[PDB]
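Residue 321 in my numbering is what sits at position 110 of the sequence shown, and the numbering runs on without skipping anything.
All C-beta atoms, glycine included, are put in the ideal place defined by N, C-alpha and C.
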Amino acid sequence: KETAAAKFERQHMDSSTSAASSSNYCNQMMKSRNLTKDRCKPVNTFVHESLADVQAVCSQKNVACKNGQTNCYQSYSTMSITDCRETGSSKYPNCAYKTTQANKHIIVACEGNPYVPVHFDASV
Ligand SMILES: [Cl-]
Ligand SMILES: [Cl-]
Ligand SMILES: [Cl-]
Ligand SMILES: [Cl-]
Ligand SMILES: [Cl-]
Ligand SMILES: [Cl-]
Ligand SMILES: [Cl-]
Ligand SMILES: [Cl-]
Ligand SMILES: [Cl-]
Ligand SMILES: [Cs+]
Ligand SMILES: [Cs+]
Ligand SMILES: [Cs+]
Ligand SMILES: [Cs+]
């Protein structure tokens with residue numbers, strides 16, 4: 212049902228805060244964005260920038276995706292991001308996440324018309 216664009220927005224956009232608040236940011240967000248529903252999503256990154264700024268990345272530096280596809284774009288500037296990764300104590304259905312806040316260039320795969328992000332590849 213969910214569009215590729217809307218899935219990206221749900222998993223990766225958090226324009227409501229400038230940066231991760233607290234060590235419990237990832238537990239709260241991973242749950243609230245429905246990323247812990249049937250299993251604990253092991254790794255997920257949230258971007259703390261406007262949706263317009265993340266979308267604009269699709270007309271920035273064209274770079275290879277890790278899988279060798281050619282529709283990835285690297286942000287010209289660094290962006291506030293939070294990486295959420297499961298800890299060793301994480302056991303579904305009590306998922307647990309480490310929160311790491313950082314300022315990194317993001318790399319996204321773009322598709323469609325409008326040409327928008329559909330996958331978070333990596334950050335640098
Ligand atoms: Cl959409
Ligand atoms: Cl805002
Ligand atoms: Cl949902
Ligand atoms: Cl999941
Ligand atoms: Cl991710
Ligand atoms: Cl675990
Ligand atoms: Cl859960
Ligand atoms: Cl269209
Ligand atoms: Cl990903
Ligand atoms: Cs920001
Ligand atoms: Cs914690
Ligand atoms: Cs929710
Ligand atoms: Cs391209």
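Quiz item: What is the chain-ordered set of residues for which the beta carbon lies under 7 angstroms from any non-hydrogen atom of ligand 4?
Solution: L246, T247, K248, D249, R250, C251 and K252
Exercise. Determine the burial state of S288: buried for a count of at least 16 other Cβ atoms within 10 Å of its Cβ, exposed for fewer.
Key: exposed
Quiz item: For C269 versus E297, is the C-beta spacing smaller than 7 angstroms?
Solution: no
Quiz prompt | Meets three-Cβ-pair contact criterion under 8 angstroms: the segment 229–240 and the segment 279–288 | solution = no
Quiz item: Roughly how many whole angstroms lie between the Cα atoms of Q312 and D225?
Solution: 13 angstroms
Self-check item: Nearest-angstrom Cα separation, counted from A215 out to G323
Solution: 9 angstroms
Quiz item: With a CB to CB cut of under 7 angstroms and the five nearest residues on each side skipped, what residues in its chain are close to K277?
Solution: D332 and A333
Self-check item: Continuous alpha helix (DSSP H) assignments of at least 4 residues falling wholly in the segment 228–283
Solution: 236–243 and 262–267
Quiz item: Is DSSP giving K218 helix, strand or coil here?
Solution: helix
Exercise. Assuming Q222 contacts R244 (C-beta within less than 8 angstroms), just tell me the rounded distance between them.
Key: 6 angstroms
Exercise. Taking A320 as part of the beta strand (DSSP E), name the residues at either end of that continuous run.
Key: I317 to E322
Quiz item: Going by Cα to Cα distance, which pick from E213, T293, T247 and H330 is closest to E260?
Solution: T293
Quiz item: What is the C-beta distance between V258 and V265, in whole angstroms, given that I count them as a contact (C-beta under 8 angstroms)?
Solution: 5 angstroms
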